[PDB]
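Peer 1: with the input below, show me the fold.
(2 chains, ligands or ions: 2)
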Amino acid sequence: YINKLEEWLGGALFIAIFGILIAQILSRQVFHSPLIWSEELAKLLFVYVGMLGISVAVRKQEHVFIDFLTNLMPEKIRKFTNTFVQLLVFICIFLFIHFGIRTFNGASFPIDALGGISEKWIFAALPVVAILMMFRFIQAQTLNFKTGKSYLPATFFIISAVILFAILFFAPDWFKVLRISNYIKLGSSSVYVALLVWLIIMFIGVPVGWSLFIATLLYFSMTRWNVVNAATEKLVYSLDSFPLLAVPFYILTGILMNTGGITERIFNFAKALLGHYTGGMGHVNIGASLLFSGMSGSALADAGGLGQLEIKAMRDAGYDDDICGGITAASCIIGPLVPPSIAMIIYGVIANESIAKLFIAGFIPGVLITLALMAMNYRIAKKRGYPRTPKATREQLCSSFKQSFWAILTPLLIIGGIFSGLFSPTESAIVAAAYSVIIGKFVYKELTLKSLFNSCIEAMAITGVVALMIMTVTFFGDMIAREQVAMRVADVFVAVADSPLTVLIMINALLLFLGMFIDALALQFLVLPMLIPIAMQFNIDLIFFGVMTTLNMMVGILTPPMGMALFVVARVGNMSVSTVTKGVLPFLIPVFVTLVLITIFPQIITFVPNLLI
Amino acid sequence: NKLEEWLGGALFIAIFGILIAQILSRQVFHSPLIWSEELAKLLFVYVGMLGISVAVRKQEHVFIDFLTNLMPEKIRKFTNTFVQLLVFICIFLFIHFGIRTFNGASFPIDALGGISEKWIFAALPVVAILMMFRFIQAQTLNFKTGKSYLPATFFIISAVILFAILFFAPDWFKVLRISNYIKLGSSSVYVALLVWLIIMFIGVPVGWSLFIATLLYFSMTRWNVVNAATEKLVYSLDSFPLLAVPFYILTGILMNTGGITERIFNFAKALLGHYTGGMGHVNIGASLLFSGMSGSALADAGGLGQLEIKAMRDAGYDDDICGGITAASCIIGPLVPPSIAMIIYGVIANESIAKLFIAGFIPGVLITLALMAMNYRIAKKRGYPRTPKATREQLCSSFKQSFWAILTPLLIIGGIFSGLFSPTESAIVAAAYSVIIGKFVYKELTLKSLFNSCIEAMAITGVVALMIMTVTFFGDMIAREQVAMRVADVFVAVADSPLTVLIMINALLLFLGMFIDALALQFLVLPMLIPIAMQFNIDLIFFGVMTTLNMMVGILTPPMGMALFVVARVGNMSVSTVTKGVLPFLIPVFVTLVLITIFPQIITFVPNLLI
Ligand code: NA
Ligand code: NA
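Peer 2: Numbers count the residues shown, from 1 in each chain, chains lettered A, B, ... in the order given. Ligands and ions are numbered 1, 2, ... in the order given. Next comes the structure:
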C-alpha cells in the first residue's frame, strides 16, 4: 500500500546485512581467507537502514520526549504546545533536507577497499529519506488536526513547504535576514543562551532528537553561520560506525529469545534448582532474571516476559503482594548491567571507548547486585517465617535441564565469545542471532518466516529512535567542545577539584535527583554530552565513569514518582502502584550500598579488564 | 501492489511541472532554461519503464487474437505455455542487455553539468527486475486458473539457475548460436521474418515477437553485433516528441467528463438540430468538436454514443441508420489533430509532427462534409420528419454554458498552426487549461480523480512505449539487411507508375484491416513499408496521412472492428444490424481515399503554404 514501503524495504536491507556478516566470519575462521569489503558494505547498508528507521519513527510519532511537565497541563495549553512542537519538527526536517543535499554535493573522497567507489553513495542517504520523512510528517498532520490535538491543517504545511522550497531554490540570499548576528551580538554568552533555550524547549514536550539540533542551530546562527558546513558532515559520519551495528542484532536476539516457550523452560529449570531454600521463589526470580540478562540487553523485556508467572508462583508459595512486587521490580536492573547492554554501547559510542572493556568491567557489578538481592530476600523471608517448599527429586531436575539445555547455552556462548577475545561485540551479536534463529527453527520448532520478518521490522523500528539521537548528539558534541564548556565549568568549580571523590559524589547526587522525573533513555542522552568532557577534565577513568553512570541511571527506573519498572510490575501483577512502591522501598538499600562501594573503591571495577586486556 | 502506480504518478506530476516552467520562462520572463528538456526526457524514460512493468503485471499487452479465437481450450493450454516461456526468455535477455549497456555507457551530458549517461541507462535493469517479479507473480494465478502447465516454482528455479550460469559461466551459452551448426547465409533475414509471422499468429504479443525475431536473426549470423545494437533500446524512449502522447491522452481523459460532454451535445443539438436529417448532423458536429480535443476514436464511440442514439431514436430514426452514423462518425478523431497515430508514425519515420498535423487536418474536414451530405441524402430519401427550430435564447444560453468547453480545440489548433508552440508544448498547454477549467470553472474535479487519470494515462502509454522501443530495435536489422532494395529489385515491373505502388499498398492494407486491430496492424505494417516507400521516391508526409486514413478505415469493416462492437454494446442492438447500417456509409470514405491517393497535391499544398 503506501505506509509499509519503508518497512518492506528496510526489512530486506536488514536481511542482507545479516548475510554479509555471516560470510565474513565463516571465511576468516574456517577458510582463513578474509574479505575486505564486508565491513564497508555493512556500514553502507546500515546507514540507509537507520534512516528508514528514523522515517518509520517520525511517521508513527514515537520519538522520545520528556512528559513530566506535559502531564500537568490542561488540554487548552496542550493544543498550543503541540502546535509549537509540530512547527519545530517541520523546520528541523526542512533543514535536514537542505543540509543533506549540500553535503551530498560536497562528497569527494573515494572509498578504498571497495573498488574506488565514491563516498556519494554513503552521503546520498540523507536527502532521499528526508523526503520520505517530510511526506510522513505531512501525512500525520492530518490525523493530528482532525482529532483536535493541534491548530494547523496539513494544507498550511504543504503551502509553507512549497513556498520555502521555491525561495531556497530561486533566491537563497533572502535567508540571510534571519541571522541573530545582524541585530544583537552576544559574544561568549551564546552558548549559555543556546543551552537555556534548549532546556526551555525540551521541558515543553519537544523530543530531544530535535531539541539538540535546534539548540546547535541557534548557537551557530548567533555567532557565525558559515562554520556549519564543516560540522554538518558528522551527522552522516555518526551512523557510519561498526560498533553501532551491534544494537539492532542484540535487540533482535532478545526479541527472538523472549518467546513464551523458551521462558517457560528457563523458569521451570530455575524453579527446580532454587525452589526449596528459605526464600525459594524470590531466589527463583533472581536466578531467572540473572539467566535472562546474559542474552537480553534490556530490563523492560525481562519485566514483561516473566512477571505473570513469577508473581503467581510467589503468591502460591505464601508471599505477600508487596514483597512480590518489590522483588519483581528490583530484579529487572540486573539486565542492563550484565553484558550485553544497550546503555553501555551508547556510552561507548558517545565517549569513543571500547565496548568489550565496558562489558568486562560491568560484569562484576551484576554479580554483586544478584548476591545482595539474594541476601536481602533471605533475611526478609527468615524474619517473616514463610513456609518452605518440598525438595525436588533428581529426576525432575535432570529432565528440566535436558529440556532447557540449548535455551540456556546462549549466555555461555556470549560470555565465551566476549571474554576470550575470539570475537568482537558485533561478531558476537551476529553469532548469537544466528544461533537463536537455528534453535527457534530446528530444535524447538517455534519459528516461522513471518515471525522472523516481524521481529526484524520491530528491531529496525526500535533502532531508528536510538539512531536519530545518536546522530544529533554527535552534532551537539561539536558545539559543546568548540567553546570549551567543560574547562570553564571546572574553573568555576574551584576549591572542589582537590579531591575527585567530591566531584563523584556531586555527580551521583545530581543523577539520583534527576532520575526521579526523567526516563533513563532520555536522561542518558540528556546528561552524558555535558558530563563526559567534565569527567575527562578531572582525569577520571572513562571505563569506571561509564560503569558508575550506567548503574546510577539504571537505579532511577525504580524510584518514585516516575519509574517504568513500577508501572510495568503493577500492570502485570494486577496491583496498585502504591503497594508496589512500598514493597520496592526495602530493596533499594543493597543497590545504594553497592553503588557507594564501587564509588569509594574503583579498583574493584578496574581490576578485571586490566588483567584480561 | 500499487508500487509502480504510486511511483509513476509522482514522476508524472514532476514532468508536468518542469515543462510548465519551460514555456512560462521562455514566454513572459524571456529567460529560457537549458535543462528542462533534458530533465523531461530523463524522467520520461523511467515513466515509460514503469508503464511497461504495469502492463506486464496486468497482462494487457496487445496481440493478434484472430487464430486464437478458433481453437479448443486444449490447444490454448499449449499456446499459453509457449507464450509464457517466450516472455520469460525475453525478460531475462532484457535484464542481461540492460546490465551490459549500463556497464558500457560512460559518456557525459553537457546540457546537465557533465552528468554521466549512466543515469539515463541505469533505468533498464532496475525496472527489468521488477518486471521479472511481476511475471513471476502473475504465473501463480495463471497456473491456479488452469490456463497453463507451468507452475511458478519452475520459473523461479529456472531463473535462479539461469542467473547462476550467466554470472559464473557465460561461455556455456556458446552452444545456442545457430552459426555452430549451419550457416544459412543471406536468407537468414527471411527465415527470421517467417518465424516472426508464425510466432505472431500463435498469439505472442507484438512487442516481444519483434524482439524474438531480431534476436534470432542476430544469432543466425554473428552475436557480436547485438552489443552495438542494444543502445537503441534505451535511446528510443529518450525522445522529446514522444512526450506528447501521455499528455494528449490525459487531456482527452479529463475532457471526456460526462458534464462537459452533455453541455457540448446540448449546444450541438441547439445549433444543428432543425435541418433535414438534423440528428445525424448533430452527431457529426459533436464528434468533430470533441475530436478537436481528443486523439482516440474509442473515446468518441464510448462517451457520447448513448445520448446521440437516444436523440436519434426520439426523432423517429431507424436502428440501423443511427447505429451506422454513430459508428462512422467516430473516425474523425484520429484524422483531426491531435492524433496518437500520427505521432506514432512521425516517431517511427523521423518526420516533423506539426507538418503531419497540418497535412492531416484537411481530410478530416472532407470526411465530415461527405458524411453530412450522405446523411442529408438518406434522410431526404427516407422522408424523415423535421424538428422545430430553437429560438435565439436557447442558443445563447448554450453558448454561455459551453464557451469554456469549446475554447480548448480552438486553442490547440491555433497553437499548432501558428507555430507559436511545439506539439509537446501544445499538449502541455492543453492539459493545464483542462485541469484549470475542471478545478475552478465547472467544479467537478477532485485530486483523487486527477491521480486516477494520471495512473490510467501511464498504464495506457506503457504499452505503446514497449512497442516503440522494440520496433526501433527491429528497424536496425531491417535497414542493415537491405530488404527494401531486394523488394524493389523483385517488383521492378511494378515501378511503371507510382500510382500502381500506391494502389497495391492500399489494397494490401484494406485486406489486412479486416482481421487485425488498428494499432497492432500499424505496428506490424509500418516498419516494412516505410523503407519501401522511401525507395520509390514517395513523399513521407502524404504517405503517412494515407496510411493513417487506411488503417482507421479498418475499424468499420467486418468481421473485425472495435467501433462496431462498441456501438452495438452501447446501443443495445445486434452487431448484424450495426454492420448493415454502416455498410451504406462506407462509400464516402472509399471515395475520399481514392481522391486523396489520386491527387497528392491536395495534401501537399496546405502545409507548404502554411509554413
Ligand atoms: Na543484559
Ligand atoms: Na483529434
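Peer 1: what ranges do the strands span in the stretch 101-250 of chain A?
Peer 2: Assigned by DSSP state E, counting those that start in this stretch, the stretch 101-250 of chain A shows strands spanning A:110-111, A:117-118.
Peer 1: mind checking which of these is nearest residue B:217?
Peer 2: In terms of C-beta to C-beta, the element of the strands of the stretch 101-250 of chain A nearest to residue B:217 is strand A:117-118, at 38.9 Å. In this view, the C-beta of every residue, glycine as well, is placed from N, C-alpha and C.
Peer 1: close to chain B, is that closest one?
Peer 2: No - Strand A:117-118 is not in contact with chain B by C-beta under 8 Å from any C-beta of the partner chain; minimum separation 11.8 Å.
Peer 1: what's near enough to touch the residue in the stretch 51-200 of chain A that ligand 1 sits nearest to?
Peer 2: For the stretch 51-200 of chain A, the residue positioned closest to ligand 1 under C-beta to the ion is residue A:64, at a distance of 20.6 Å. Listed by C-beta atoms under 8 Å, 6 or more residues apart in numbering or on different chains, the contact set of residue A:64 reads A:207-209, A:465, A:469, A:519, A:521-522.
Peer 1: let's have those residues in CSV, adding neighbour count and distance to residue A:68.
Peer 2: Written out in CSV, the entries for the contacts of residue A:64 read as follows (neighbours: other C-beta atoms under 10 Å in any protein chain shown; distance: C-beta to C-beta, whole Å):
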residue, neighbour count, distance to residue A:68
A:207, 25, 14
A:208, 23, 13
A:209, 26, 18
A:465, 20, 19
A:469, 25, 18
A:519, 20, 9
A:521, 19, 14
A:522, 18, 10
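Peer 1: now for these, which pair is the farthest apart?
Peer 2: Checked with C-beta to C-beta, those reach their widest spread between A:209 and A:519, with 14.0 Å between them.
Peer 1: re earlier: tabulate the contacts of residue A:64 (CSV), appending distance to ligand 2.
Peer 2: Shown next, in CSV, are the contacts of residue A:64 (distance: C-beta to the ion, whole Å):
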residue, distance to ligand 2
A:207, 57
A:208, 61
A:209, 57
A:465, 57
A:469, 60
A:519, 67
A:521, 65
A:522, 65
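Peer 1: which of those sits closest to ligand 1?
Peer 2: Distance to ligand 1, by C-beta to the ion, is smallest for residue A:521 among those, at 15.3 Å.
Peer 1: next one: that closest one from residue B:441, what distance?
Peer 2: Using C-beta to C-beta, to the nearest Å, one gets 56 Å for the distance from residue A:521 to residue B:441.
Peer 1: for the longest helix that chain A contains, list every residue counted as buried.
Peer 2: Across chain A, the helix with the greatest residue count (assigned by DSSP state H) is helix A:449-482. Of the residues in helix A:449-482, those scored as buried under the neighbour-count criterion (16 or more other C-beta atoms under 10 Å in any protein chain shown) are A:452-453, A:455-457, A:459-480.
Peer 1: how is chain A partitioned into domains?
Peer 2: Chain A resolves into domains spanning A:5-240, A:245-386+A:393-612 when parsed by automatic domain parsing.
Peer 1: most packed of these?
Peer 2: Burial among the domains of chain A, expressed as mean neighbours by mean count of other C-beta atoms under 10 Å in any protein chain shown, is greatest for domain A:245-386+A:393-612, which shows a mean of 19.
Peer 1: can you give the distance from that one to the centre of its chain?
Peer 2: Taking C-alpha atoms, centre = their mean, to the nearest Å, the mean C-alpha location of domain A:245-386+A:393-612 is offset from the chain mean by 11 Å.
Peer 1: what of stretch A:121-129?
Peer 2: With C-alpha atoms, centre = their mean as the basis, the distance from the averaged C-alpha position of stretch A:121-129 to the chain average is 24 Å.
Peer 1: residue contacts, residue A:281?
Peer 2: A:271, A:275, A:310, A:313-314, A:317, A:319.
Peer 1: is the longest helix of chain A in proximity to chain B?
Peer 2: No - judged by C-beta under 8 Å from any C-beta, helix A:449-482 and chain B are separated, with a smallest distance of 15.8 Å.
Peer 1: what's the following helix or strand after that helix?
Peer 2: Moving toward the C-terminus from helix A:449-482, the next helix or strand (DSSP states H and E) is helix A:485-492.
Peer 1: helices or strands up against the helix or strand following that following helix?
Peer 2: Using DSSP H and E, the helix or strand that directly follows helix A:485-492 along the chain is helix A:500-514. The helices and strands touching helix A:500-514, judged by 3 or more C-beta pairs under 8 Å, 6 or more residues apart in numbering or on different chains; DSSP states H and E, are helix A:520-537, helix A:542-555, helix A:588-600.
Peer 1: give me the angle between helix A:500-514 and helix A:588-600.
Peer 2: Here helix A:500-514 runs at 150 degrees with respect to helix A:588-600, directions being taken by axes from the mean of the first three to the mean of the last three C-alpha atoms, to 10 degrees.
Peer 1: the residue nearest to residue A:68 when sequence neighbours are not counted: what's it in contact with?
Peer 2: Closest residue to residue A:68 apart from its sequence neighbours, by C-beta to C-beta, 6 or more residues apart in numbering or on different chains: residue A:517 at 4.8 Å. If you count contacts by C-beta under 8 Å, 6+ apart, residue A:517 has them with A:68, A:561-562.
Peer 1: what's the answer for residue A:234, then?
Peer 2: A:471, A:474-475, A:477-478.
Peer 1: hang on, residue A:19 in a helix?
Peer 2: Yes - Residue A:19: assigned to a helix according to DSSP: H, G, I helix; E, B strand; the rest coil.
Peer 1: what residues are up against the residue in the stretch 201-350 of chain A that ligand 2 sits nearest to?
Peer 2: Using C-beta to the ion, the single residue of the stretch 201-350 of chain A nearest to ligand 2 is residue A:236, 52.9 Å away. In this structure, residue A:236 makes contact with A:47, A:100, A:103, A:122-123, A:125-126, judged by C-beta under 8 Å, 6+ apart.
Peer 1: what's the next secondary structure element after the helix or strand hosting residue A:401?
Peer 2: According to DSSP H and E, residue A:401 maps onto helix A:394-419. Following the chain from helix A:394-419 toward its C-terminal end, the next helix or strand by DSSP H and E is helix A:425-438.
Peer 1: what residue in the stretch 1-150 of chain A comes nearest to ligand 2?
Peer 2: Checked against ligand 2 (C-beta to the ion), the nearest residue in the stretch 1-150 of chain A is residue A:2, 35.9 Å away.
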